Amino acid sequence: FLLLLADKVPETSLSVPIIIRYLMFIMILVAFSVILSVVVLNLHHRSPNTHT
Amino acid sequence: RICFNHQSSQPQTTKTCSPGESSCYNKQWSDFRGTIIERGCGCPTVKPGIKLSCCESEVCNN
Amino acid sequence: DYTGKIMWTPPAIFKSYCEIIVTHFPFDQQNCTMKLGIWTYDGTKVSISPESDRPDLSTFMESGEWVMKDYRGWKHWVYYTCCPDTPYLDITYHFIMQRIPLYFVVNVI
Ligand SMILES: *[C@@H]1O[C@H](CO)[C@@H](O[C@@H]2O[C@H](CO)[C@@H](O[C@@H]3O[C@H](CO[C@H]4O[C@H](CO[C@H]5O[C@H](CO)[C@@H](O)[C@H](O)[C@@H]5O[C@H]5O[C@H](CO)[C@@H](O)[C@H](O)[C@@H]5O)[C@@H](O)[C@H](O[C@H]5O[C@H](CO)[C@@H](O)[C@H](O)[C@@H]5O)[C@@H]4O)[C@@H](O)[C@H](O[C@H]4O[C@H](CO)[C@@H](O)[C@H](O)[C@@H]4O[C@H]4O[C@H](CO)[C@@H](O)[C@H](O)[C@@H]4O)[C@@H]3O)[C@H](O)[C@H]2NC(C)=O)[C@H](O)[C@H]1NC(C)=O
């Protein structure tokens, strides 16, 4: 979707358009979902031979 | 410390270099209209088309 | 005016060849010039002289991608080995331009 929008957004540096702010919000949210899923899987695959 | 600072075929004129400078240079190159000679103080870096000379005497860059 | 003094102020779109150092992009500063001179006459027939030490930016439209840091104009006298007492004149205006690195930090970095 970022690629899709790369050719339609003004190339000025006095502010960031609300649509790009929304896309970065969603992107960072997906990234944190990835991080916390890794954490959940790490907790799930623990055992007494490795962790107390 | 004293160099020539005139250009091309202009009447001769000299300058006193800064304290600690010992050299004098002579750049020559040709543009679309003719040949230019640049005389001054020091020894600079020149692009690979210029005839650069440097001398550590006095008034020896003519 | 009745004394013969002429003031002519025509518009122009200038497309100048400006070297672009890209070592520090998108945090780069550029030094772009505009060399002007009389084409067929030498400084003994047609002399030129700058009106002020630096360009007029009183009605300058702000850019959005660039910030004007400094600007100056310099006049040069050039003599050739062939012709000992004929100078060739030119005024060169330079503009030191700093880029605004927000679009590229939010979109690439
Ligand atoms: C961004 O990019 C820009 C473009 O690249 C870049 O611009 C450059 O900026 C620098 C400044 O930082 C500019 O350098 C200055 O240029 C001035 C103009 O130079 C030309 O004119 C000189 C004067 O010519 C007259 O006088 C001669 C005798 O003095 C005569 O022989 C001439 O015939 C002529 O006489 C006419 O005028 C007289 C008075 O007006 C009059 O009496 C007479 O009758 C007649 O009408 C020339 O000497 C000079 O030529 C030299 O340089 C060229 C190469 O450029 C050589 O090939 C020549 O052989 C020759 O050496 C130019 O044609 C200079 O005046 C100015 O010099 C002063 O400052 C320097 C500092 O280094 C001193 O070394 C120098 O002695 C001068 O000192 C005096 O003034 C300073 C303050 O200014 C002070 O110390 C003290 O008062 C001192 O007495 C200087 O060099 C440069 O030209 C720009 N380049 C351009 C525009 O292309 C810009 O910096 C960049 N920005 C960045 C990177 O930040």
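Residues displayed in chain B correspond, in order, to Swiss-Prot positions 22-83.
According to its header, the structure was obtained by electron microscopy, 2.3 Å.
Placed from the backbone N, Cα and C atoms, the Cβ positions cover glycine too.
A disulfide bond in Swiss-Prot ties B:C38 to one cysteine from B:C62, B:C64, and that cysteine is B:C62.
Considering only the recorded sites B:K48, B:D52, B:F53, B:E59, the residues lying within 10 A of B:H27 (site 'Moderately important residue for binding to acetylcholine receptor') on a C-alpha to C-alpha basis are B:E59.
Checking the recorded positions B:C24, B:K48, B:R54, B:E59, B:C62 against chain C with a Cβ-Cβ cut-off under 8 Å leaves B:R54, in sequence order. Least crowded of the disulfide-bonded residues (B:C24, B:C45), judged by neighbouring Cβ atoms within 10 Å of its own Cβ: B:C24. For the pair B:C24 (disulfide bond) and B:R54 (site 'Key residue for binding to acetylcholine receptor'), the Cα-Cα distance reads 27 Å. For B:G55 (site 'Moderately important residue for binding to acetylcholine receptor'), the nearest neighbour among the recorded positions B:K68, B:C75, B:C76, judged by Cα separation, is B:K68.
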